[PDB]
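Tertiary structure, described
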Amino acid sequence: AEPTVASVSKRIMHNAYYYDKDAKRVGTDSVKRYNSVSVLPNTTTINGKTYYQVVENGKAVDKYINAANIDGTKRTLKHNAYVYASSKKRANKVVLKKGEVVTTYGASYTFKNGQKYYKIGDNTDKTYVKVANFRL
Ligand SMILES: [Cl-]
Ligand SMILES: [Cl-]
Ligand SMILES: [Cl-]
Ligand SMILES: [Cl-]
């Protein structure tokens, strides 16, 4: 009966638009990683994509966040991979191995070197893996 008793505060892991039920961007705001937003805990599906419905001022509103930006996407490495903070800087000494399941959070990032990277890790750390390592 009260959306604000049911709501959970999810951490945004990739900057996120608000969408309406027609999967069109609504308004001019976006939630920035790694801020949190109040949503209903059960996802819904709009045009074959998974979303969380926003709760604002006591009510479930016609504003939806793509679950890719909160839960991310489970992916498998097709190649061994390093973890990068930026184009040239390694984040750590980890070697992720071919076949490992890794969750990536939202759309890839093109770095200054022109290569694409996904954010990994259930945390605010600057830890990115090359998109190429998820493809054959
Ligand atoms: Cl944005
Ligand atoms: Cl988005
Ligand atoms: Cl690599
Ligand atoms: Cl963290």
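Residues numbered from 1 in each chain as written, not as in the entry; some residues may be left out. Chains lettered and ligands numbered in written order. Heavy atoms only, no water.

The deposited coordinates derive from X-ray crystallography, with the record listing a resolution of 1.650 Å.

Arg33 connects to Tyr34 through a cis peptide bond whose omega is 0 degrees. If you check the backbone angles, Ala23 has positive phi at about 60 degrees while not being a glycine. By the secondary structure assignment, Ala23 is in the loop between β2 (16-19) and β3 (25-31). Among the residues examined, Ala23 registers a relative accessible area of 22% and is labelled partly exposed. A positive phi angle, near 45 degrees, is found at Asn57, a position not held by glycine. Of note, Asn57 is situated in the loop between β6 (49-56) and β7 (59-66). For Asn57, a relative accessible area of 79% corresponds to the exposed category. (Helix = DSSP H or I, 4+ residues; strand = E, 2+ residues; numbered from the N terminus. Buried < 20%, exposed > 50% of the residue type's maximum accessible area, 1.4 Å probe, protein only.)

Split into domains, the protein chain comes out as domain 1 (3-69) and domain 2 (72-136). Contacts between the two partners involve 8 residues from domain 1, matched on the other side by 12 residues from domain 2. Roughly 780 Å² is buried in total at the junction of domain 1 and domain 2, and carbon and sulfur atoms are behind 52% of that figure. Inspection of the region where domain 1 meets domain 2 yields 0 salt bridges. Summed over the shared surface of domain 1 and domain 2, the result is 6 residue pairs in polar contact. Counted by class, the side of domain 1 that touches domain 2 contains 4 nonpolar, 2 polar and 2 charged residues. (Domains from an automatic or database assignment. Contact = heavy atoms within 4.5 Å. Buried area = accessible area lost by both parts, 1.4 Å probe. Salt bridge = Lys/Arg side-chain N within 4 Å of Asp/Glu carboxyl O. Polar contact = N/O pair within 3.5 Å; in protein donor to acceptor, adjacent residues only side chain to side chain. Nonpolar A, V, L, I, M, F, W, Y, C, P; charged D, E, K, R; others polar.)

Looking now at the nonpolar core. Listed in full, the 11 residues of the largest apolar core are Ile12, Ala16, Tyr18, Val31, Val37, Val39, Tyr52, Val54, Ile65, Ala67 and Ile70. Among the elements of the structure, β2, β4 (36-39) and β6 are those that each provide at least two residues to this core. With residues near it in sequence (within four places) discarded, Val54 still touches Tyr18, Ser38, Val39, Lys59, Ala60, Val61, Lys63, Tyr64 and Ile65. Residues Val83, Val102, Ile120 and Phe134 belong to the second largest nonpolar core, which totals 10 residues. (Core = buried A, V, L, I, M, F, W, Y, C linked by side-chain atoms within 4.5 Å.)

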